[PDB]
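Take a look at this single chain, the form deposited in one PDB entry, given in structure tokens.
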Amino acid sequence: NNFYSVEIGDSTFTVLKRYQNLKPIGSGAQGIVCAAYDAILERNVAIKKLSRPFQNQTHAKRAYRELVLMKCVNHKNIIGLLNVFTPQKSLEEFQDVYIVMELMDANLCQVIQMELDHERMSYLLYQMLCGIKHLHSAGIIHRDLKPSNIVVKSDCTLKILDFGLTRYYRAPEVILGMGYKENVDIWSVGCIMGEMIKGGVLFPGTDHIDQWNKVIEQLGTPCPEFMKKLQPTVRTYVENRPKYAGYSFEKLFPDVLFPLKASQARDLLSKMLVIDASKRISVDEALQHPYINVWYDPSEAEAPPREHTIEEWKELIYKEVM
């Protein structure tokens, strides 16, 4: 009575009457997402219906994790929670979780290959880093930032779509069998920034092994010290490739490609796109870089931050929805 049902392909969205004009804008393993209009807030929203949250303990655990992080994380550069609801009236009936977010206009996929000025390039990158820094402060290291999971609006604002864990943006740590730390996310920021400048994908590998080869072809074969950190079996492959010297960042990103500034961008790129993470720039240093620091505002860039049965997870999730 507070709710109505809309058929969305083979799926039924049963949602508060305030949400109208539902249309499917995507799906995946964990949910189906519709664009909608919210009649109470008077704005466009994205409505995500979780897919099989209680099929097993692993689904339930992830669903619980997502709900909590969205509630607790609040930052202008991270997709926020507008609302959560279930159409069911009790724990015994409880089945469906609906998460409501602000509706963004686009992801970065096409936008970054349209040629942008330095102001838009650096402003967008500034917002990305602010989002990431806030994720890291909450103990979330993404590991899978790409243009498709970073969203924007026609007013040049930007939010990170999800909390992470197309291989083009995956750091060498991820590609190979390695440990990672916070700066794993810096690699992905670098790949995006490079793509903005050059107008196409930097390292377009045709498979997971090929992804590695396109990286070294441009940047150079990593040092012996780095090779030592590899697991034995990945090391046997990696270490025995032809030896590439790489190209300087002037060769990779010459003035021709750009709209003091281009020199500053190259410098930043040369520090983000480092194969060996122990020699790669941190998020804090990236935010302080002359190319990025022009936008600095501490309220944005220095903002303050187990085992259960299925029915136990249901209960914990139901509490969270309520």
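Don't overthink the numbering: it's just position in the shown sequence, from 1. So that the term is clear: the rigid core is the largest set of C-alpha atoms that superpose within 1.5 Å between two forms.
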Which class describes the count of deposited residues lacking coordinates between residue 114 and residue 115: none, 1 to 3, 4 to 9, or 10 or more? none
Gap size between residue 305 and residue 306, counting deposited residues with no coordinates: none, 1 to 3, 4 to 9, or 10 or more? 10 or more
For the higher mean C-alpha B factor in the entry, choose 55 to 63 or 41 to 49. 55 to 63
Mean C-alpha B-factor higher for 281 to 289, or for 249 to 257? 249 to 257
Could you tell me which one of 230, 124, 160, 99 shows the highest CA temperature factor in the PDB record? 230
By its CA B factor, does residue 221 count among the lowest, middle or highest third of the modelled residues in the chain? middle
Can you work out whether the C-alpha temperature factor of residue 84 puts it in the lowest, middle or highest third of the chain? lowest
Could you place residue 91 in the lowest, middle or highest third of its chain by Cα temperature factor, using the values in the record? highest
Grab the CA temperature factor for residue 297 from the record and place it in the lowest, middle or highest third of its chain. highest
By the entry's values, the third containing the CA B factor of residue 321 is the highest
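What follows is about the form deposited in another entry, which we do not show.
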So which residue among 269, 281, 292, 34 shifts its CA at least 2 Å between the shown form and the other one once the core is superposed? 34
Rigid core superposition, residue 98 Cα moves 2 angstroms or more between the shown form and the other one: yes
Core-aligned, is the CA shift for residue 87 between the shown form and the other one 2 angstroms or more? yes
Spell out whether the Cα of residue 45 moves at least 2 Å between the shown form and the other one when the two forms are superposed on their rigid core. no
